[PDB]
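Enquirer:
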């Protein structure tokens, strides 16, 4: 709903101390550990993993 | 590529003993453990988990 728990509305940044606002790899304002699977692949075993430094879910680079 | 390691081409079923062919929740011909996250959500903490009984990745029922 309304303001985000993670948002600093005077700066439009995450409140000081937290890492992010929302995302497959953002949970409770902080980054999930790098390596955490954020999506499984149809099938080759090339899954999309979290990076530890960003909120989004990266397409595994070993894909065309 | 070619025939699937998991496929029984005379029956067009998975070779006897295995569970599935391919899918986010299928790995080495077998079902991933129920509860295994197959996809993380933008943000509510309502992730899509594996079922243990199917190869696909289920939309979490707590979504509209």
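Protein chains in written order, with the authors' numbering: chain A, 1 to 64; chain A', 1 to 64. A prime marks a further copy of an entry chain. Note that CB positions come from ideal geometry on N, CA and C, so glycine has one too.
1) Measure how close the beta-carbons of residue 57/A' and residue 24/A' come, nearest whole angstrom, since I'm counting them as under 8 Å.
2) In the DSSP assignment, find the beta strand (DSSP E) that holds residue 37/A and state where it starts and stops.
3) Which residues, taken in chain order from the region 8–22 of chain A, show a beta carbon closer than 9 Å to some beta carbon of chain A'?
4) For residue 40/A, which residues in the same chain have their Cβ closer than 6 Å to its Cβ, ignoring the five residues on either side in sequence?
5) May I have the straight-line CA-CA distance separating residue 8/A from residue 18/A, to the nearest angstrom?
6) Where does residue 30/A' sit, in a helix, a strand or coil, going by DSSP?
7) Any idea which residues DSSP pairs residue 8/A with across the strands?
8) Less than 6 Å between C-beta atoms, sequence neighbours within five positions excluded: which residues of the same chain meet that for residue 26/A'?
Expert: The answer reads as follows:
1) For a cut-off of 8 Å, the C-beta gap from residue 57/A' to residue 24/A' is around 4 Å, short enough to register as a contact.
2) Residues 37–39.
3) Residues passing the 9 Å Cβ filter: 21, 22.
4) Within the same chain, residue 40/A has close Cβ partners 47.
5) Straight-line spacing of the CA atoms in residue 8/A and residue 18/A works out to 10 Å.
6) DSSP places residue 30/A' in the strand class (E or B) of the three-state scheme.
7) Partner(s): 13/A.
8) Within the same chain, residue 26/A' has close Cβ partners 20, 55.
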